[PDB]
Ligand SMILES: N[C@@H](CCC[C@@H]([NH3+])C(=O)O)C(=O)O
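As a starting point, one isolated chain is supplied in structure tokens, in the form solved without 6-carboxylysine (6CL).
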């Protein structure tokens, strides 16, 4: 048992971490898993207060577990990945066992409504921040749906080629931003956008990201943690895919619950 041929599992979140109410347990293997039923069997999750949940695979090497609804603040979760030498199919076995313990913090849900161009942040049901925002313009719109907060960066470059769009092309970009909080693997961030403050609250001008003001982006970066929720509604976009990496809550319970072990 470590705390967070042969496949190593890697489990998230990390040991003792405090995460938001949208955080799934993630188990990721460094090899494709032929026998998902077996991987699932080998993973034991305990919650306090107890709550029902279920596994769903986002791809061939990574499985997720979450309840039906967002976690209750204060819940404590223990994850025991008992895979050492377990038959994982096609002559691959677990390299080791792994475990983690984490807790759920405050309920933090930020809702970006394209009808108002306001991103409103709610802590335990109390509006604590209202941020004018400027989202994806019509030709490169922001997808509707529930996004899980992922990592955060004081400064990074977002480069469109990372997502299959050349920098040189009409929808391309290579952009330095401050106070960048990632909310989808497909490239959506809430981040500082001093170049669209006139538009924020009025007009969509971005490639998909939630532009807010320098001090609202910094506030968001300071007060939000991995697992918190950004709900986007009413854009002319599609829906964020359930298998994004941070889209898990867009898969309806009945479909999630049934799983996809085979």
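Numbering follows the first chain given and starts at 1. Basically, rigid core = biggest C-alpha set you can superpose within 1.5 Å across the two forms.
Root mean square Cα distance to the shown form, taken over structures and residues in 7 other deposited structures of this protein after a core fit, is higher for 169-177 when 169-177 and 144-152 are compared. The rigid core fit leaves 92-100 as the farther-lying stretch in 7 other deposited structures of this protein, judged by Cα positions and set against 92-100 and 106-114.
According to the record, the deposited sequence contains 10 or more residues between residue 4 and residue 5 that were left without coordinates. Averaged over their C-alpha atoms, the temperature factors of 165-173 and 123-131 are higher for 123-131. As recorded in the PDB entry, 68-76 is the stretch of 142-150 and 68-76 with the greater mean C-alpha temperature factor.
The entry assigns its greatest Cα B factor, within the set 37, 194, 201, 208, to 37. When the C-alpha B factors of 236, 26, 232, 51 are read from the deposited coordinates, the top value falls at 51. Among the modelled residues of the chain, residue 115 sits in the middle third by CA temperature factor in this PDB entry.
Per-chain ranking of the deposited C-alpha B factor places residue 20 in the lowest third.
When the CA B factors of the chain's modelled residues are split into thirds, the value for residue 184 lands in the lowest one. Sorting the modelled residues of the chain by their CA temperature factor places residue 58 in the highest third. Sorting the modelled residues of the chain by their CA temperature factor places residue 222 in the middle third.
Keep in mind the form deposited with 6-carboxylysine (6CL) bound is missing from the figure; the text below concerns it.
Only one of the listed residues (237, 201, 53, 208) places a non-hydrogen atom within 4.5 angstroms of 6-carboxylysine (6CL) in the entry with it bound, and that residue is 208.
Of the residues 158, 104, 109, 92, just one reaches 6-carboxylysine (6CL) in the entry with it bound with a heavy atom at 4.5 Å or closer; this is 158.
Of the heavy atoms in residue 131, none are within 4.5 Å of 6-carboxylysine (6CL) in the entry with it bound.
For residue 186, a non-hydrogen atom is located within 4.5 Å of 6-carboxylysine (6CL) in the entry with it bound, even though that partner is not displayed. In the entry with it bound, no heavy atom of residue 84 sits within 4.5 Å of 6-carboxylysine (6CL). Although the partner is absent here, residue 173 sits close enough that one of its heavy atoms falls within 4.5 Å of 6-carboxylysine (6CL) in the entry with it bound. With 6-carboxylysine (6CL) left out of view, the stretch that reaches within 4.5 Å of it through heavy atoms in the entry with it bound is, among 229-237, 190-198, 27-35, 54-62, 190-198.
No residues of 234-262 lie near 6-carboxylysine (6CL) in the entry with it bound, the criterion being any heavy atom within 4.5 Å.
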